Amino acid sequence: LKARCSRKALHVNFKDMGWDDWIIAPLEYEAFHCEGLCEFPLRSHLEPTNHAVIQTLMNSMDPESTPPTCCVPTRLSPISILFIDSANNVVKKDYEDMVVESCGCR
């Protein structure tokens, strides 16, 4: 079935990726992902740009003139990663835009 634009689970396991040779912690985190239909009308929480408002309108009126807008992360949050840096030192650093906080149509 074709769900509407929603935030869905996405588990990232750094150990499974072999990245524990440089990442110390965390070795896994919840990243989420966005997925689903962007249909007219965009609900307010999909927080469209003016462009997405117009494109969604045009795709509704003529799906051949433009494709629909796309369900993508509209707010993301960082996670703090403890890792071994290029100088072989322990570094704690915020990695921005790692966790989807909200999805929307763009």
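Residue indices: 1-based, along the sequence shown.
Check: Do the C-alpha atoms of 40 to 48 or of 69 to 77 have the higher average B factor in the entry?
Finding: Taking the mean B-factor of the alpha carbons in each, 40 to 48 is higher.
Next item on the list: Give the stretch, out of 93 to 101 and 80 to 88, with the larger mean C-alpha temperature factor in the deposited entry.
Entry: The entry gives the higher C-alpha B-factor average to 80 to 88.
Notebook entry, point to check: When the modelled residues of the chain are sorted by Cα temperature factor, does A9 land in the lowest, middle or highest third?
Noted result: Middle third by C-alpha B-factor.
Next item on the list: Among all modelled residues of this chain, ranked by Cα B factor, put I23 in the bottom, middle or top third, i.e. lowest, middle or highest.
Entry: Ranked within chain, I23 CA B lands in the lowest tercile.
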